[PDB]
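As structure tokens, the structure follows; a few thoughts come after it.
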Amino acid sequence: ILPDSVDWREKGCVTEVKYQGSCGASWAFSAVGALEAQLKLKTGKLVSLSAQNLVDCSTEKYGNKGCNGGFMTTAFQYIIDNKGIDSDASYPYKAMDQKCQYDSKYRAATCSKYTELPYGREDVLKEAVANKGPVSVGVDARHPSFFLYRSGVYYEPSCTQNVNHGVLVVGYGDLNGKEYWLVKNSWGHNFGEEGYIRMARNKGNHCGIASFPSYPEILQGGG
Ligand SMILES: CS(=O)(=O)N1CCc2c(c(-c3ccc(Cl)c(C#Cc4ccc5c(c4)CN[C@H](C(=O)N4CCCCC4)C5)c3)nn2CCCN2CCOCC2)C1
């Protein structure tokens with residue numbers, strides 16, 4: 001059923017790693033990264049979507065606080081409510097709160113709905129990553145080892161299932177045995193392995209990677 005390893009970069013479904021700088025917008029980058037994959041899947045076009053759009057426009061109605069943090073799930077809801085999100089090129093990232101400047105002329109994607117996965121279920125997360133696409137997740141990124149990660153599979157004994165940082169699961173596999181989740185971060189290419197971190201998989205919901213997963217969908221009609 002499920003492949004032993006998945007890497008959605010292999011299908012050209014993952015945009016370049018972004019750099020959030022001095023702005024707590026990991027939640028926005030995680031959300032656009034998940035939708036970028038669906039847009040390529042459904043239309044063949046890979047285009048970076050506007051995290052700034054979310055920072056500026058998905059605000060108090062969505063419990064989001066711009067550069068002070070927010071949630072992928074309600075980011076998706078904003079995109080649904082708004083009937084669109086702009087391309088990154090048309091609405092570029094400035095790493096600060098701005099007035100909402102959404103322009104339907106430059107809408108690059110929509111969202112029909114989003115699905116939240118059950119808490120801590122790494123088997124269900126694996127199936128979604130394999131069968132649906134990259135999944136937005138929160139992790140516990142509070143511990144210094146996360147900041148210093150360079151290579152290998154990340155395991156932090158002090159990690160908890162309480163999450164405060166948004167990332168994108170773009171695959172999974174095993175490094176010489178050691179099972180991992182392939183995680184796209186938004187701290188630029190100088191973080192980890194060219195912007196990516198392999199996070200311990202199947203170790204009791206390590207760092208909360210499976211605590212609050214979600215993914216959006218762009219539906220093609222229905223029956
Ligand atoms: C405690 S819990 O784990 O139990 N859990 C509690 C329940 C929960 C959590 C997450 C979740 C899932 C995924 C992510 Cl990614 C995040 C997050 C986050 C986040 C992202 C960024 C920042 C902060 C937090 C905190 N501030 C940071 C900041 O300001 N910075 C400025 C200085 C430099 C950068 C940092 C930025 C949170 N979903 N749900 C379920 C839906 C919760 N409903 C969502 C709609 O509304 C009402 C609440 C957290």
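Chain lettering (A, B, ...) mirrors the order of the structure tokens, residue numbering begins at 1 for each chain separately, and ligand numbering begins at 1 in order of display.
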
Using only C-alpha atoms and all ligand atoms, find each residue with an atom at most 10 Å away from ligand 1 and format the answer as a CSV table (one decimal) with N, CA and C atoms, in the first residue's frame.
```csv
chain,number,residue,atom,x,y,z
A,20,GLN,N,12.0,33.3,6.8
A,20,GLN,CA,11.0,34.2,7.5
A,20,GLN,C,11.7,35.4,8.2
A,21,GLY,N,13.0,35.3,8.5
A,21,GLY,CA,13.7,36.4,9.1
A,21,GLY,C,13.0,36.7,10.5
A,22,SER,N,12.9,38.0,10.7
A,22,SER,CA,12.4,38.6,12.0
A,22,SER,C,10.9,38.7,12.0
A,23,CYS,N,10.2,37.6,12.0
A,23,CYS,CA,8.7,37.6,11.9
A,23,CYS,C,8.3,36.2,12.2
A,24,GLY,N,7.4,36.0,13.2
A,24,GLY,CA,7.0,34.7,13.5
A,24,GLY,C,5.9,34.2,12.6
A,25,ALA,N,6.2,34.0,11.3
A,25,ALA,CA,5.2,33.6,10.3
A,25,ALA,C,5.4,32.1,9.9
A,26,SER,N,6.0,31.3,10.7
A,26,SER,CA,6.1,29.9,10.3
A,26,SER,C,4.7,29.3,10.0
A,27,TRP,N,3.7,29.7,10.7
A,27,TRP,CA,2.4,29.2,10.4
A,27,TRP,C,1.9,29.5,9.0
A,28,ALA,N,2.2,30.7,8.6
A,28,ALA,CA,1.9,31.2,7.2
A,28,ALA,C,2.6,30.4,6.2
A,29,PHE,N,3.9,30.2,6.4
A,29,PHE,CA,4.8,29.5,5.4
A,29,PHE,C,4.4,28.0,5.3
A,30,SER,N,4.0,27.4,6.5
A,30,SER,CA,3.6,26.0,6.5
A,30,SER,C,2.3,25.9,5.7
A,31,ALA,N,1.4,26.9,5.9
A,31,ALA,CA,0.1,26.8,5.2
A,31,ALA,C,0.2,26.9,3.7
A,60,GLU,N,-7.8,38.7,13.1
A,60,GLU,CA,-8.5,38.4,14.3
A,60,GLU,C,-9.6,37.4,14.1
A,61,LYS,N,-10.2,37.4,12.9
A,61,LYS,CA,-11.3,36.4,12.6
A,61,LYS,C,-10.7,35.0,12.7
A,62,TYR,N,-9.4,34.8,12.6
A,62,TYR,CA,-8.8,33.5,12.5
A,62,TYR,C,-7.9,33.2,13.7
A,63,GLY,N,-8.0,34.0,14.7
A,63,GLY,CA,-7.1,33.8,15.8
A,63,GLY,C,-5.6,33.9,15.5
A,64,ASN,N,-5.3,34.6,14.4
A,64,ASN,CA,-3.9,34.7,14.0
A,64,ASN,C,-3.4,36.1,14.3
A,65,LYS,N,-2.1,36.2,14.6
A,65,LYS,CA,-1.5,37.4,15.1
A,65,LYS,C,-0.3,37.8,14.2
A,66,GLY,N,-0.4,37.6,12.9
A,66,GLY,CA,0.7,38.0,12.0
A,66,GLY,C,2.1,37.5,12.5
A,67,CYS,N,3.0,38.4,12.6
A,67,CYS,CA,4.4,38.1,12.9
A,67,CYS,C,4.5,37.6,14.4
A,68,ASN,N,3.4,37.6,15.1
A,68,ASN,CA,3.4,37.0,16.5
A,68,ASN,C,2.8,35.6,16.5
A,69,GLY,N,2.5,35.0,15.4
A,69,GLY,CA,2.1,33.6,15.3
A,69,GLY,C,0.7,33.5,14.9
A,70,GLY,N,0.3,32.2,14.7
A,70,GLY,CA,-1.0,31.9,14.2
A,70,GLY,C,-1.1,30.4,13.9
A,71,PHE,N,-2.1,30.0,13.1
A,71,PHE,CA,-2.5,28.6,12.9
A,71,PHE,C,-2.7,28.3,11.4
A,72,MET,N,-2.1,27.1,11.0
A,72,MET,CA,-2.3,26.7,9.6
A,72,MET,C,-3.8,26.5,9.3
A,73,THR,N,-4.5,25.8,10.2
A,73,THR,CA,-5.9,25.5,10.0
A,73,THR,C,-6.8,26.7,9.6
A,74,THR,N,-6.7,27.8,10.5
A,74,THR,CA,-7.5,28.9,10.2
A,74,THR,C,-6.9,29.8,9.1
A,75,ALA,N,-5.6,29.6,8.8
A,75,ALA,CA,-5.1,30.2,7.5
A,75,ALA,C,-5.9,29.6,6.3
A,116,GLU,N,-8.2,18.0,9.2
A,116,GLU,CA,-7.3,17.9,10.4
A,116,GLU,C,-7.2,16.4,10.7
A,119,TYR,N,-4.9,13.5,16.6
A,119,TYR,CA,-3.7,13.9,17.4
A,119,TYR,C,-2.8,12.7,17.6
A,136,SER,N,0.7,20.1,6.6
A,136,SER,CA,1.1,21.2,7.6
A,136,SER,C,1.1,20.6,9.0
A,137,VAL,N,2.1,20.8,9.7
A,137,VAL,CA,2.2,20.4,11.1
A,137,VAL,C,2.9,21.4,12.0
A,138,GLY,N,2.5,21.4,13.3
A,138,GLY,CA,3.3,22.1,14.3
A,138,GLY,C,4.3,21.2,15.0
A,139,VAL,N,5.4,21.7,15.4
A,139,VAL,CA,6.4,21.0,16.2
A,139,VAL,C,6.8,21.8,17.4
A,140,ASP,N,7.3,21.1,18.4
A,140,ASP,CA,8.0,21.8,19.5
A,140,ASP,C,9.4,22.1,19.1
A,141,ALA,N,9.6,23.4,18.7
A,141,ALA,CA,10.9,23.9,18.3
A,141,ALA,C,11.6,24.7,19.3
A,160,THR,N,8.6,18.0,23.7
A,160,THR,CA,7.2,17.7,24.2
A,160,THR,C,6.3,17.7,23.0
A,161,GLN,N,5.0,17.2,23.2
A,161,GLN,CA,4.0,17.2,22.2
A,161,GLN,C,3.3,18.6,22.1
A,162,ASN,N,3.7,19.6,22.8
A,162,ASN,CA,3.2,20.9,22.8
A,162,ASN,C,3.9,21.7,21.7
A,163,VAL,N,3.2,22.2,20.7
A,163,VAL,CA,3.9,22.7,19.5
A,163,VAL,C,3.8,24.2,19.4
A,164,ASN,N,4.8,24.8,18.9
A,164,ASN,CA,4.8,26.3,18.7
A,164,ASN,C,5.5,26.8,17.4
A,165,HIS,N,5.7,25.9,16.4
A,165,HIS,CA,6.4,26.3,15.2
A,165,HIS,C,5.8,25.5,14.0
A,166,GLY,N,5.4,26.2,13.0
A,166,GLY,CA,4.8,25.6,11.8
A,166,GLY,C,5.9,25.1,10.8
A,167,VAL,N,5.7,23.9,10.3
A,167,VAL,CA,6.6,23.3,9.3
A,167,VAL,C,5.7,22.5,8.4
A,168,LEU,N,6.4,21.9,7.3
A,168,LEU,CA,5.7,21.2,6.3
A,168,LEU,C,6.3,19.8,6.1
A,207,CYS,N,8.3,15.5,19.5
A,207,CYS,CA,8.2,16.9,19.3
A,207,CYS,C,6.8,17.3,18.8
A,208,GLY,N,5.8,16.5,19.0
A,208,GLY,CA,4.5,16.9,18.6
A,208,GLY,C,4.2,17.0,17.1
A,209,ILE,N,5.1,16.3,16.3
A,209,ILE,CA,4.9,16.4,14.9
A,209,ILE,C,3.6,16.0,14.4
A,210,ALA,N,3.0,15.0,15.0
A,210,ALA,CA,1.6,14.5,14.7
A,210,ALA,C,0.5,15.1,15.6
A,211,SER,N,0.8,16.1,16.4
A,211,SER,CA,-0.2,16.6,17.3
A,211,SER,C,-1.3,17.3,16.6
A,212,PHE,N,-1.0,18.2,15.6
A,212,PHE,CA,-2.1,19.0,15.0
A,212,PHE,C,-1.7,19.1,13.5
A,213,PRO,N,-1.8,18.0,12.7
A,213,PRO,CA,-1.6,18.1,11.3
A,213,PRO,C,-2.8,18.5,10.5
A,214,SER,N,-2.6,19.2,9.4
A,214,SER,CA,-3.8,19.5,8.5
A,214,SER,C,-3.2,19.6,7.1
```

Subject >> Exercise: segment 81-89 of chain A partners within 6 Å, only C-alpha atoms, chain neighbours under 5 positions left out, as a list in words >> reply: residues 48, 49, 50, 106, 107, 108, 109 and 110 of chain A

Subject >> Nearby residues (only C-alpha atoms) at most 7 Å from residue 17 of chain A, same-chain spacing under 5 positions excluded, as a PyMOL selection string >> reply: chain A and resi 186+188-189+195

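Shortest atom-to-atom contact with residue 152 of chain A among A:179, A:103, A:127, A:56: A:179, counting only C-alpha atoms.
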
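Proximity ranking of A:19, A:11, A:198, A:112 relative to residue 221 of chain A places A:112 first, based on only C-alpha atoms.
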
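Here atom CA of residue 126 of chain A is placed at a distance of 20.2 Å from atom CA of residue 32 of chain A.
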
**OP:** Show which residues sit within 10 Å of residue 130 of chain A, as a PyMOL selection string. Count only C-alpha atoms, and ignore same-chain residues fewer than 4 positions away.
**Re:** chain A and resi 1-8+124-126+134-135+170-172

Selected residues, C-alpha atoms, written as a short mmCIF file (atom, residue, chain, number, x, y, z; two decimals), in the first residue's frame, please.
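Writing the result to out.cif gives the following:
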```
data_model
loop_
_atom_site.label_atom_id
_atom_site.label_comp_id
_atom_site.auth_asym_id
_atom_site.auth_seq_id
_atom_site.Cartn_x
_atom_site.Cartn_y
_atom_site.Cartn_z
CA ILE A 1 0.00 0.00 0.00
CA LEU A 2 2.24 2.83 1.25
CA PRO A 3 5.70 3.47 -0.24
CA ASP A 4 8.58 2.91 2.13
CA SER A 5 9.84 6.43 1.40
CA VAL A 6 8.19 9.60 0.08
CA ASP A 7 9.77 12.88 -1.03
CA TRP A 8 7.36 15.27 -2.75
CA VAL A 124 -2.53 8.37 9.71
CA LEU A 125 0.03 11.12 9.03
CA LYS A 126 2.08 8.64 6.97
CA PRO A 134 2.61 17.45 2.03
CA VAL A 135 0.92 18.04 5.39
CA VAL A 170 6.99 16.75 2.50
CA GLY A 171 7.88 13.10 2.99
CA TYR A 172 9.26 10.35 5.17
#
```

**OP:** Name the residues of segment 21-174 of chain A that fall into alpha helix (DSSP H) according to DSSP on the backbone, using the chain letters and numbers of this document, as number ranges by chain.
**Re:** A: 26-43, 51-57, 72-82, 122-131, 144-148
